[PDB]
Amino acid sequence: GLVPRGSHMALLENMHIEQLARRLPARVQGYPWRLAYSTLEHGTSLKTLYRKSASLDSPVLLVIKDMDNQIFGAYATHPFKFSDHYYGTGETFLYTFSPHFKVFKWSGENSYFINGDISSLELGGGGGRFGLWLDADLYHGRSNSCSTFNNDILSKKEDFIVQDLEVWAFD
């Protein structure tokens, strides 16, 4: 029940982080998670997130801490990359620890799982709505309810600012 070595998300160990590990697919259950990208350690930009993810042979966990110290993110079946079309598959889900742990799994309504653009990263879709959105600097973020996951707003408000962001891998 510990965050990866070198992670700065140690606040999760007091939020019962095993709630998230239990929601991982049995595919990756039992595999230790490791820190693949950290904004504090490796710099903050969407480009660096893509570059740090290019060598991952594993699904990933996106862990975001906003300026209200609320922690949330996503489990992606595919490492985050630039593409000209949506990717990711049915095991992709969103999660939040605010105000308590909640998971938002695939609803089967659409397959708008992940969209990695040059200037934004994006999860969830349907009617032009985004479940989770991050700008090119991984600074301004947004979270709405989307049909892909039937999620709640992951943080206190729709808009948030990234205080710290990490990507964990299992390979």
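All residue numbers are counted from 1 along the displayed sequence.
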Subject >> Higher-scoring stretch by recorded Cα B factor average, 127 to 135 or 33 to 41 >> reply: 127 to 135
**OP:** For the higher mean C-alpha B factor in the entry, choose 22 to 30 or 44 to 52.
**Re:** 22 to 30
Subject >> Chain-relative CA temperature factor third for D117 >> reply: middle
Subject >> CA B-factor placement of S58, once the chain's modelled residues are sorted into thirds >> reply: lowest
**OP:** State the tercile, meaning the lowest, middle or highest third, of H100 with respect to the CA B-factors recorded for its chain.
**Re:** middle
